[PDB]
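Enquirer: Dropping in model.cif, which is mmCIF, C-alpha atoms and all ligand atoms:
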```
data_entry
#
loop_
_atom_site.label_atom_id
_atom_site.label_comp_id
_atom_site.auth_asym_id
_atom_site.auth_seq_id
_atom_site.Cartn_x
_atom_site.Cartn_y
_atom_site.Cartn_z
CA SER A 1 4.44 -3.91 -12.29
CA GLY A 2 1.17 -5.29 -10.88
CA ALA A 3 -2.04 -4.18 -9.19
CA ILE A 4 -4.88 -5.41 -6.96
CA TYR A 5 -8.44 -5.17 -8.32
CA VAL A 6 -11.19 -5.27 -5.61
CA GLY A 7 -14.70 -3.76 -6.10
CA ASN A 8 -14.30 -0.48 -8.06
CA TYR A 9 -10.70 0.03 -6.80
CA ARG A 10 -7.28 -0.51 -8.37
CA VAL A 11 -4.40 -0.65 -5.84
CA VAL A 12 -0.90 0.09 -7.22
CA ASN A 13 2.54 1.16 -6.08
CA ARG A 14 2.28 4.98 -5.72
CA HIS A 15 5.60 5.31 -7.68
CA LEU A 16 4.20 3.21 -10.64
CA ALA A 17 0.76 4.94 -10.67
CA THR A 18 -0.05 6.07 -14.27
CA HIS A 19 -1.51 9.48 -15.37
CA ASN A 20 -4.96 7.71 -15.54
CA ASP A 21 -4.52 6.42 -11.93
CA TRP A 22 -3.84 10.04 -10.80
CA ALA A 23 -6.79 11.24 -13.02
CA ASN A 24 -9.02 8.72 -11.08
CA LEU A 25 -7.34 9.17 -7.65
CA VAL A 26 -9.31 7.84 -4.59
CA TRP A 27 -6.50 7.70 -1.97
CA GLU A 28 -2.67 7.88 -1.82
CA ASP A 29 -0.08 7.65 0.94
CA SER A 30 3.52 8.59 -0.04
CA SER A 31 4.86 7.13 3.27
CA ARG A 32 3.24 3.71 2.31
CA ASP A 33 4.04 3.75 -1.50
CA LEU A 34 0.30 3.07 -2.17
CA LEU A 35 -2.23 4.68 -4.51
CA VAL A 36 -5.81 3.57 -5.09
CA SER A 37 -7.72 4.72 -8.21
CA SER A 38 -11.39 4.13 -9.18
CA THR A 39 -12.27 1.59 -11.94
CA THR A 40 -15.50 1.24 -13.99
CA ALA A 41 -15.25 -2.62 -14.19
CA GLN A 42 -15.83 -4.63 -10.91
CA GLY A 43 -12.67 -6.26 -9.43
CA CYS A 44 -12.60 -9.95 -8.35
CA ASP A 45 -9.60 -9.95 -5.84
CA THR A 46 -10.31 -10.61 -2.10
CA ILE A 47 -8.26 -8.66 0.49
CA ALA A 48 -6.89 -10.76 3.42
CA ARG A 49 -8.21 -9.68 6.89
CA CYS A 50 -5.75 -11.41 9.23
CA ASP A 51 -2.33 -11.23 10.92
CA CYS A 52 -0.73 -14.08 8.90
CA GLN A 53 3.08 -13.89 8.74
CA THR A 54 3.42 -16.55 6.02
CA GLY A 55 2.33 -16.35 2.39
CA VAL A 56 3.40 -16.61 -1.23
CA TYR A 57 4.52 -13.73 -3.49
CA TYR A 58 4.98 -13.44 -7.24
CA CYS A 59 8.55 -12.47 -8.29
CA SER A 60 8.53 -11.27 -11.96
CA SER A 61 12.42 -11.22 -12.15
CA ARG A 62 12.34 -15.04 -11.54
CA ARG A 63 8.92 -15.82 -13.17
CA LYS A 64 8.28 -17.72 -9.89
CA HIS A 65 6.11 -17.60 -6.75
CA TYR A 66 8.04 -17.98 -3.49
CA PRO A 67 6.69 -18.93 -0.10
CA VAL A 68 7.95 -16.53 2.63
CA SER A 69 7.86 -15.67 6.34
CA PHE A 70 7.33 -11.86 6.69
CA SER A 71 7.45 -9.33 9.52
CA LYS A 72 4.25 -7.50 10.75
CA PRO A 73 3.60 -4.11 9.08
CA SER A 74 5.98 -1.49 10.61
CA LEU A 75 7.93 1.76 10.01
CA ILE A 76 11.24 0.77 8.33
CA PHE A 77 14.02 2.93 6.78
CA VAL A 78 14.28 2.26 2.98
CA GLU A 79 17.51 3.26 1.09
CA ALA A 80 16.93 5.91 -1.67
CA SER A 81 15.79 4.46 -5.07
CA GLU A 82 15.33 5.82 -8.66
CA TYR A 83 11.66 6.41 -7.50
CA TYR A 84 12.17 7.70 -3.85
CA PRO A 85 14.63 9.45 -1.49
CA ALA A 86 16.16 7.48 1.47
CA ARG A 87 13.08 7.67 3.78
CA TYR A 88 10.95 5.81 6.40
CA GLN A 89 8.19 3.73 4.70
CA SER A 90 5.21 2.83 6.92
CA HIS A 91 3.00 -0.35 6.87
CA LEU A 92 5.98 -2.24 5.33
CA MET A 93 6.56 -6.03 5.78
CA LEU A 94 10.01 -7.64 5.14
CA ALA A 95 10.92 -11.18 4.10
CA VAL A 96 14.16 -12.84 3.00
CA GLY A 97 13.87 -13.14 -0.76
CA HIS A 98 14.67 -11.77 -4.19
CA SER A 99 13.18 -8.39 -5.29
CA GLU A 100 14.26 -6.00 -8.09
CA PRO A 101 12.58 -2.61 -8.84
CA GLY A 102 10.41 -4.14 -11.66
CA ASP A 103 9.12 -6.76 -9.17
CA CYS A 104 7.05 -3.97 -7.51
CA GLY A 105 3.30 -4.80 -7.79
CA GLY A 106 3.84 -8.53 -7.30
CA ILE A 107 1.07 -9.77 -4.99
CA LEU A 108 1.76 -11.43 -1.61
CA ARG A 109 -1.11 -13.83 -0.76
CA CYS A 110 -2.14 -15.97 2.26
CA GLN A 111 -5.20 -18.36 2.69
CA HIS A 112 -7.36 -15.26 3.49
CA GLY A 113 -6.49 -13.40 0.21
CA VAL A 114 -4.26 -10.48 -0.85
CA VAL A 115 -1.89 -9.31 1.94
CA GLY A 116 0.12 -6.69 0.00
CA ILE A 117 2.29 -5.84 -2.99
CA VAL A 118 6.06 -5.83 -3.52
CA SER A 119 7.29 -2.25 -2.82
CA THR A 120 11.03 -2.46 -1.80
CA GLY A 121 14.02 -4.85 -2.22
CA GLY A 122 17.85 -5.20 -2.18
CA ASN A 123 20.35 -6.87 0.24
CA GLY A 124 18.44 -10.16 -0.19
CA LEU A 125 15.20 -8.74 1.32
CA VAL A 126 11.77 -8.11 -0.23
CA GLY A 127 9.48 -5.45 1.21
CA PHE A 128 5.68 -5.60 0.80
CA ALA A 129 3.25 -2.68 1.32
CA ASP A 130 0.44 -4.10 3.51
CA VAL A 131 -3.19 -3.46 2.43
CA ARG A 132 -5.00 -5.61 5.09
CA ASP A 133 -5.70 -2.50 7.27
CA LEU A 134 -7.59 -0.71 4.42
CA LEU A 135 -11.02 -2.08 5.37
CA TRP A 136 -12.75 0.49 3.10
CA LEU A 137 -11.40 -1.46 0.01
CA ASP A 138 -14.21 -4.07 0.71
CA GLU A 139 -17.07 -1.47 0.96
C1 LIG B 201 5.22 5.51 -13.32
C2 LIG B 201 5.74 6.27 -14.51
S1 LIG B 201 4.49 7.29 -15.27
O1 LIG B 201 5.16 8.38 -15.91
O2 LIG B 201 3.61 6.45 -16.03
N1 LIG B 201 3.60 7.94 -14.05
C3 LIG B 201 4.17 8.91 -13.11
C4 LIG B 201 3.47 10.24 -13.10
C5 LIG B 201 4.22 11.42 -13.03
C6 LIG B 201 3.62 12.66 -12.98
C7 LIG B 201 2.24 12.72 -12.99
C8 LIG B 201 1.49 11.58 -13.07
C9 LIG B 201 2.08 10.33 -13.13
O3 LIG B 201 0.15 11.90 -13.02
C10 LIG B 201 0.12 13.28 -12.65
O4 LIG B 201 1.42 13.81 -12.91
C1 LIG B 202 12.41 -24.71 4.23
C2 LIG B 202 13.33 -23.59 3.82
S1 LIG B 202 12.53 -22.00 3.93
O1 LIG B 202 11.72 -21.99 5.11
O2 LIG B 202 13.54 -21.00 3.76
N1 LIG B 202 11.50 -21.87 2.65
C3 LIG B 202 10.64 -20.69 2.47
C4 LIG B 202 9.29 -20.80 3.14
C5 LIG B 202 8.82 -19.77 3.96
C6 LIG B 202 7.58 -19.84 4.58
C7 LIG B 202 6.81 -20.96 4.35
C8 LIG B 202 7.25 -21.96 3.53
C9 LIG B 202 8.49 -21.92 2.93
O3 LIG B 202 6.24 -22.88 3.34
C10 LIG B 202 5.32 -22.60 4.39
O4 LIG B 202 5.59 -21.29 4.89
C1 LIG B 203 19.81 0.37 -4.98
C2 LIG B 203 19.01 -0.15 -6.16
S1 LIG B 203 17.67 0.94 -6.59
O1 LIG B 203 18.14 2.28 -6.42
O2 LIG B 203 17.16 0.53 -7.87
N1 LIG B 203 16.46 0.73 -5.52
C3 LIG B 203 16.42 -0.33 -4.49
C4 LIG B 203 15.46 -1.43 -4.87
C5 LIG B 203 15.92 -2.74 -5.03
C6 LIG B 203 15.05 -3.79 -5.22
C7 LIG B 203 13.69 -3.52 -5.23
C8 LIG B 203 13.23 -2.24 -5.11
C9 LIG B 203 14.09 -1.18 -4.94
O3 LIG B 203 11.85 -2.23 -5.14
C10 LIG B 203 11.47 -3.58 -5.39
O4 LIG B 203 12.63 -4.40 -5.29
ZN ZN B 204 -4.00 -14.52 6.25
#
```
Turn the structure described in the file into C-alpha cells.

Expert:
Amino acid sequence: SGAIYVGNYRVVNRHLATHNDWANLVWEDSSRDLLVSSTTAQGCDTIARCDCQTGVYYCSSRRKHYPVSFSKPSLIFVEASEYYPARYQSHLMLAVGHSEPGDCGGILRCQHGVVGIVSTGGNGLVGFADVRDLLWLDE
C-alpha cells in the first residue's frame, strides 16, 4: 500500500484504489496502473520534475529503503498478476531490487522529490509507475 499526497490530489496504484478513490475520481490510466482522486486536506509531497535515473524507494516487505538505478519510463510487458492480465504497462521504470505485491505504493524519491510508486515486481526486479510527466499534479 501507499500513496502520494500533493495539493488536493491523492495518487495511488489503480489496482489498490478504494471505493472512496473511485467516488472522488480525477484521472485514471489502466495502462499505467495509476489513479488520482481529489482530497479535501492539502497534500505536502513535492513531485520530482527531472530525468534522474537514481533514487531511493521504500520496500514494505523488508521495512527498508533501498537506493536504486532505474530505467527511463517506457512500455514494458508485465506478467499477469492477481490484479491484472499479462499486458503492456506504460510509463514504467525498472530497477534490480526486491518487490512483492504488497510493496505497491512504496514511493521512489530523488533529490527533486517523488519520482513514482512501486507498481510491479518479481524475478528480482521492481517496477515503478512514473508520475514526473503529470505536470497538472502541481497546479
Ligand atoms: C483494492 C481493493 S478494494 O476492493 O478496496 N477496491 C477495488 C474496487 C473494486 C470495484 C469498485 C471500486 C473499487 O470502486 C468502484 O467499484
Ligand atoms: C554498490 C552496489 S549497488 O550499486 O548495487 N547499490 C545500489 C545503489 C544504486 C544506486 C545508487 C546507490 C546504490 O547509491 C547511489 O545511487
Ligand atoms: C507472479 C506473482 S503475482 O501474480 O502475485 N504478481 C507479480 C508481482 C510480483 C511482485 C510485485 C508485484 C507483482 O507488484 C509489486 O511487486
Ligand atoms: Zn530527480

Enquirer: When you look at residue 110 in chain A with a cut-off of 7 Å (counting all atoms listed in the file), what residues show up, excluding the ones that are within fewer than 5 positions of it in the same chain? I need them as a PDB file with C-alpha atoms, in the coordinates of the input.

Expert:
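Listing of part.pdb after writing:
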```
ATOM      1  CA  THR A  54       3.420 -16.550   6.020  1.00  0.00           C
ATOM      2  CA  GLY A  55       2.330 -16.350   2.390  1.00  0.00           C
ATOM      3  CA  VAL A  56       3.400 -16.610  -1.230  1.00  0.00           C
ATOM      4  CA  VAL A 115      -1.890  -9.310   1.940  1.00  0.00           C
TER       5      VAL A 115
END
```

Enquirer: How many Å separate CA of residue 122 in chain A from CA of residue 4 in chain A?

Expert: 23.2 Å

Enquirer: Just how far from CA of residue 118 in chain A is CA of residue 94 in chain A, in Å to one decimal?

Expert: 9.7 Å

Enquirer: Can you pull out the residues contacting residue 127 in chain A? Cut-off 7 Å, using all atoms listed in the file, and skip same-chain residues under 2 positions away; I want them as a list in words.

Expert: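 Here the qualifying residues turn out to be residues 92, 93, 94, 95, 118, 119, 120, 121, 125 and 129 of chain A.
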
Enquirer: Pick the closest to ligand LIG 203 (chain B) from A:76, A:135, A:126, A:41: which is it, counting only C-alpha atoms and all ligand atoms?

Expert: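 Of the candidates, the smallest distance to ligand LIG 203 (chain B) is held by A:126.
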
Enquirer: List as JSON, numbers by chain the protein and nucleic acid residues near residue 21 in chain A, meaning an atom at most 10 Å away when only C-alpha atoms are counted, but skip any in the same chain fewer than 4 places from it.

Expert: {"A": [10, 11, 12, 14, 16, 17, 25, 26, 35, 36, 37, 38, 39]}

Enquirer: Store the residues picked out above, limited to C-alpha atoms, as a compact mmCIF listing (two decimals), keeping the file's coordinate frame.

Expert:
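New file selection-v1.txt:
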```txt
# COMPACT_ATOMS: atom_id res chain seq x y z
CA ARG A 10 -7.28 -0.51 -8.37
CA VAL A 11 -4.40 -0.65 -5.84
CA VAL A 12 -0.90 0.09 -7.22
CA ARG A 14 2.28 4.98 -5.72
CA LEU A 16 4.20 3.21 -10.64
CA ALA A 17 0.76 4.94 -10.67
CA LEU A 25 -7.34 9.17 -7.65
CA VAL A 26 -9.31 7.84 -4.59
CA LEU A 35 -2.23 4.68 -4.51
CA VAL A 36 -5.81 3.57 -5.09
CA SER A 37 -7.72 4.72 -8.21
CA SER A 38 -11.39 4.13 -9.18
CA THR A 39 -12.27 1.59 -11.94
```

Enquirer: Pick out the residues no farther than 9 Å from ligand ZN 204 (chain B), counting only C-alpha atoms and all ligand atoms, and list them as a list in words.

Expert: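 With only C-alpha atoms and all ligand atoms and a cut-off of 9 Å, ligand ZN 204 (chain B) is contacted by residues 48, 49, 50, 51, 52, 53, 54, 55, 109, 110, 111, 112, 113, 114 and 115 of chain A.
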
Enquirer: Nearest to ligand LIG 202 (chain B) among A:108, A:23, A:75, A:6, with distances taken over all atoms listed in the file: which residue is it?

Expert: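 So, comparing all the options, the nearest one is A:108.
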
Enquirer: Would you pick out the contacts of residue 15 in chain A at 12 Å or less, using all atoms listed in the file, so that residues sharing its chain but fewer than 3 positions from it are not included, and give the list as a list in words?

Expert: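 Near residue 15 in chain A, the qualifying residues are residues 1, 2, 11, 12, 18, 19, 21, 22, 28, 29, 30, 31, 32, 33, 34, 35, 36, 81, 82, 83, 84, 85, 101, 102, 104, 105, 118, 119 and 120 of chain A.
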
Enquirer: Using only C-alpha atoms and all ligand atoms, which of the listed residues (A:73, A:97, A:67, A:116) sits closest to ligand LIG 203 (chain B)?

Expert: A:97

Enquirer: Identify which of the residues A:98, A:57, A:68, A:3 lies closest to ligand LIG 203 (chain B), counting only C-alpha atoms and all ligand atoms when measuring atom-to-atom distances.

Expert: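 That would be A:98, the residue with the smallest distance to ligand LIG 203 (chain B).
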
Enquirer: Find the distance between CA of residue 40 in chain A and CA of residue 24 in chain A and write it in Å to one decimal.

Expert: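 Value for the CA of residue 40 in chain A-CA of residue 24 in chain A distance: 10.3 Å.
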
Enquirer: May I have the centre and edge lengths, in Å to one decimal, of an axis-aligned box around the listed atoms of ligand LIG 202 (chain B) with 8 Å added to every side, as AutoDock Vina command-line options?

Expert:
```
--center_x 9.4 --center_y -22.2 --center_z 3.8 --size_x 24.2 --size_y 20.9 --size_z 18.6
```

Enquirer: Can you work out which one of A:20, A:74, A:13, A:46 has the shortest atom-to-atom distance to ligand LIG 203 (chain B), counting all atoms listed in the file?

Expert: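 The answer is A:13, which sits nearest to ligand LIG 203 (chain B).
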
Enquirer: Using only C-alpha atoms and all ligand atoms, which of A:66, A:77, A:9, A:128 sits nearest ligand LIG 202 (chain B)?

Expert: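 Smallest separation from ligand LIG 202 (chain B) among the options: A:66.
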
Enquirer: Excluding residue 59 in chain A and its own-chain neighbours fewer than 4 positions away, which residues fall within 7 Å of it when counting all atoms listed in the file? Please give them as a PyMOL selection string.

Expert: chain A and resi 63-65+99+103+106

Enquirer: Using the structure block above, produce a file of range 37-84 of chain A that contains C-alpha atoms, as a PDB file, in the first residue's frame.

Expert:
```
ATOM      1  CA  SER A  37      -8.571  11.087  -6.530  1.00  0.00           C
ATOM      2  CA  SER A  38      -9.448  14.504  -5.018  1.00  0.00           C
ATOM      3  CA  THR A  39      -8.781  15.192  -1.289  1.00  0.00           C
ATOM      4  CA  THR A  40     -10.240  17.920   0.984  1.00  0.00           C
ATOM      5  CA  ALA A  41      -6.989  18.294   3.050  1.00  0.00           C
ATOM      6  CA  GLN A  42      -3.919  19.908   1.280  1.00  0.00           C
ATOM      7  CA  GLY A  43      -1.042  17.474   0.480  1.00  0.00           C
ATOM      8  CA  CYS A  44       2.612  18.269   1.374  1.00  0.00           C
ATOM      9  CA  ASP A  45       4.525  15.929  -1.097  1.00  0.00           C
ATOM     10  CA  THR A  46       6.625  17.532  -3.925  1.00  0.00           C
ATOM     11  CA  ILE A  47       6.671  15.775  -7.339  1.00  0.00           C
ATOM     12  CA  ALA A  48      10.150  15.456  -8.971  1.00  0.00           C
ATOM     13  CA  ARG A  49      10.492  17.277 -12.352  1.00  0.00           C
ATOM     14  CA  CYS A  50      13.664  15.721 -13.769  1.00  0.00           C
ATOM     15  CA  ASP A  51      15.154  12.760 -15.672  1.00  0.00           C
ATOM     16  CA  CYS A  52      17.066  11.276 -12.691  1.00  0.00           C
ATOM     17  CA  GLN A  53      17.801   7.547 -13.040  1.00  0.00           C
ATOM     18  CA  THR A  54      18.898   7.097  -9.410  1.00  0.00           C
ATOM     19  CA  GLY A  55      16.789   7.325  -6.268  1.00  0.00           C
ATOM     20  CA  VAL A  56      15.624   5.566  -3.126  1.00  0.00           C
ATOM     21  CA  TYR A  57      12.414   3.508  -2.725  1.00  0.00           C
ATOM     22  CA  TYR A  58      10.565   2.203   0.314  1.00  0.00           C
ATOM     23  CA  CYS A  59      10.166  -1.619   0.369  1.00  0.00           C
ATOM     24  CA  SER A  60       7.455  -2.590   2.935  1.00  0.00           C
ATOM     25  CA  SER A  61       8.319  -6.378   2.667  1.00  0.00           C
ATOM     26  CA  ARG A  62      11.833  -5.519   4.051  1.00  0.00           C
ATOM     27  CA  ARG A  63      10.880  -2.448   6.193  1.00  0.00           C
ATOM     28  CA  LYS A  64      13.842  -0.796   4.375  1.00  0.00           C
ATOM     29  CA  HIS A  65      14.625   1.941   1.842  1.00  0.00           C
ATOM     30  CA  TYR A  66      16.929   0.854  -0.984  1.00  0.00           C
ATOM     31  CA  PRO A  67      18.947   3.044  -3.296  1.00  0.00           C
ATOM     32  CA  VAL A  68      18.488   2.005  -6.969  1.00  0.00           C
ATOM     33  CA  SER A  69      19.428   2.745 -10.587  1.00  0.00           C
ATOM     34  CA  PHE A  70      16.214   2.678 -12.725  1.00  0.00           C
ATOM     35  CA  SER A  71      15.389   2.730 -16.429  1.00  0.00           C
ATOM     36  CA  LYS A  72      13.583   5.755 -18.059  1.00  0.00           C
ATOM     37  CA  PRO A  73       9.764   5.438 -18.243  1.00  0.00           C
ATOM     38  CA  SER A  74       8.846   3.037 -21.106  1.00  0.00           C
ATOM     39  CA  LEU A  75       6.297   0.475 -22.406  1.00  0.00           C
ATOM     40  CA  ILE A  76       7.212  -2.898 -20.810  1.00  0.00           C
ATOM     41  CA  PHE A  77       5.371  -6.277 -20.833  1.00  0.00           C
ATOM     42  CA  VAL A  78       4.260  -7.235 -17.252  1.00  0.00           C
ATOM     43  CA  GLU A  79       3.369 -10.913 -16.453  1.00  0.00           C
ATOM     44  CA  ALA A  80      -0.304 -11.407 -15.329  1.00  0.00           C
ATOM     45  CA  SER A  81      -0.922 -10.791 -11.558  1.00  0.00           C
ATOM     46  CA  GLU A  82      -3.836 -11.363  -9.090  1.00  0.00           C
ATOM     47  CA  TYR A  83      -4.743  -7.684 -10.004  1.00  0.00           C
ATOM     48  CA  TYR A  84      -4.034  -7.607 -13.841  1.00  0.00           C
TER      49      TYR A  84
END
```
